[PDB]
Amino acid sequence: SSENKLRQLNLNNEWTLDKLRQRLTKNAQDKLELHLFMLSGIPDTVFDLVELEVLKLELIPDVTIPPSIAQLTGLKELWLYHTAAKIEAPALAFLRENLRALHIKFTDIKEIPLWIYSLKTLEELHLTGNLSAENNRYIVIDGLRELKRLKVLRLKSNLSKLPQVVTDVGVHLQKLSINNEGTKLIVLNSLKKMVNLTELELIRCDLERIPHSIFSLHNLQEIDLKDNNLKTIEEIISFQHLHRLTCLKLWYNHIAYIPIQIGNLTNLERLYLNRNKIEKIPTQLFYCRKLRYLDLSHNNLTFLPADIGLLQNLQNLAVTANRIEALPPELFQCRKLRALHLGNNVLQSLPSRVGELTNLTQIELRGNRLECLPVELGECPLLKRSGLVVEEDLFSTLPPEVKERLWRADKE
């Protein structure tokens, strides 16, 4: 049509290849992406960007995805933010055979392309918006069954319950992520069907108690229950049967204590308990002897038990913003430590045994009640001034020789 042609010509003239290349971004996931927003359509010059991996369209009306999309032979992801998208069969056949991730943020069904359920090779789907209509609960995802290659489903949709169609896709799904924006999710036994899941995120779902369905997910490797108003977590006793569980995130809750049965989660390598209300660490936690990452920051801890020295694989330890008076000497038996986040405590001294931390590259000390610093920080071969985060006057207490080598290490 003549009207469409003139509008398209004008858009192409406004979006030269040089301008598009200046707009490209190497994004956080190291992917080459183009983001377009608030335009009248898609400039045809987009499809000369043959290196593109991610296309993001935001708030673009009346969009038609054209057959030249097949020129983007490395396109893997398409993001549609408030952008309805029409397509003909050649462009769709290309997406059906090559697109790996689809993100859609939508206001209502009008912004959901009916062709998305035919995207037979899709591995990830991310939906942000309400999934239901009158007499049509969860219709937006009824078609998930046809996405037989799907590995990752992310929903940000204020769900009262987990839709049955989700639990049905559990044979092949590997990662389920729900961000419920504080809407209480009721799980009630249906989650047990997602036997292939290795990663589960139930974020901001007002769970209050860890749901018992999780115990049936015997392939789980990682669980994240951020911001669910958890006060007690006795239910972790049943995690002892999840033999592949290596990452437990219960951060950002109201947890008042750590049950001793945490020590039977013996395959834990990363444990995040930061931003809770915990006052002490049970000694049984140190039976989690494969721990590499431990974050207990922003709790109410006064001391670290001597048994922390039994965590021989500990590499990153954070206890920021507690009220710890001193560090046990046994902490420095943890020879693999690389990072020690100790800020905003009430430390009065930093033990001389820090010199034994051969692999230390990062130590945050600010906001403590230190009068001086110990010379033995100079014994840490890999530490640089940029990794020693402390007030300048405290840094000055080190020997000039030590201070010289820390400064050099950065500039070398």
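Residue positions are given as counts along the sequence shown, with the first one as 1.
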**Fill in**
Comparing 276 to 284 with 176 to 184, the higher average Cα temperature factor in the PDB entry belongs to 276 to 284
**Request:** Look up the CA B-factors in the entry and say which stretch, 31 to 39 or 373 to 381, has the higher mean.
**Result:** 373 to 381
**Prompt:** Based on what the PDB entry reports, which of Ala70, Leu57, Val346, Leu52 has the top C-alpha B-factor?
**Reply:** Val346
**Request:** Determine, from the deposited record, the chain-internal third of the Cα B-factor for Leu11: lowest, middle or highest.
**Result:** lowest
**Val63 - which third its CA temperature factor falls in, relative to the rest of the chain** = middle
**Item:** Relative C-alpha B-factor of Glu201, binned into the chain's lowest, middle or highest third
**Value:** lowest
**Message:** Which third, lowest, middle or highest, does the C-alpha temperature factor of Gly170 belong to within its own chain?
**Reply:** highest
**Message:** Looking at the temperature factor on the CA atom of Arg137, which third of the chain's modelled residues does it land in?
**Reply:** highest
